[PDB]
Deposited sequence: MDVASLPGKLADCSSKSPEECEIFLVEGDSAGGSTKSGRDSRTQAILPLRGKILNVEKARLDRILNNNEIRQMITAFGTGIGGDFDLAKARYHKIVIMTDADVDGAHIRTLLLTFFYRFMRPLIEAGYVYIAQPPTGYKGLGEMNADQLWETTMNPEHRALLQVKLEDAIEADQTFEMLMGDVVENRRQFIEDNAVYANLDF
């Protein structure tokens, strides 16, 4: 029964727990066009793992897992990978986050995953504005944000 769980892990529960390792930095879907996105092997592995499909063909019912956990390193690059993965979720599988199936693990493994935080999306408009600014193509917006918070 999917009512099992999958862990996305950056660096190095048999019945109910699944593990998918992600070597390297994930592609930024906000910067890339669809043909590139769909050809990325790490992206394709993730799509297949969930089996919900992307964009319009998304089916919440056809989800393999009700708990998807982003377990990344406790360093700065961990954070970056975290942002990249959330970008993919927001742009291609938004209803999953709305269904509350996505989680972020806090403290790189047995004693850890345990603390998991639910990813919740409150504002559609704010998030859209945030994603485009942080992950988008326009450099200057990103620089300004750094400036003001630096």
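Several segments of the deposited sequence are absent from the coordinates, namely 1-16, 20, 30-39, 135-140, 142-148, 154-158, 196-202.
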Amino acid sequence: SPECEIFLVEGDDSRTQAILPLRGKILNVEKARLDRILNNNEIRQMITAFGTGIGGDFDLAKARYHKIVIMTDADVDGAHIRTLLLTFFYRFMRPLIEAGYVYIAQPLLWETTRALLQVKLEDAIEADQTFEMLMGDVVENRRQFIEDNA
From here on, numbers count along this sequence of modelled residues.
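Stretch comparison (97-105 versus 84-92) by mean CA B-factor in the PDB entry places 97-105 on top.
The stretch with the higher mean CA B factor, choosing between 22-30 and 47-55, is 47-55. Residue-level temperature factors show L8 in the middle third of its chain, judged at the C-alpha atom.
For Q17, the recorded CA temperature factor ranks within the highest third of the chain's modelled residues. Per-chain ranking of the deposited C-alpha B factor places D123 in the middle third.
Per-chain ranking of the deposited C-alpha B factor places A61 in the highest third. Sort the chain's modelled residues by C-alpha temperature factor and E111 lands in the highest third, per the entry.
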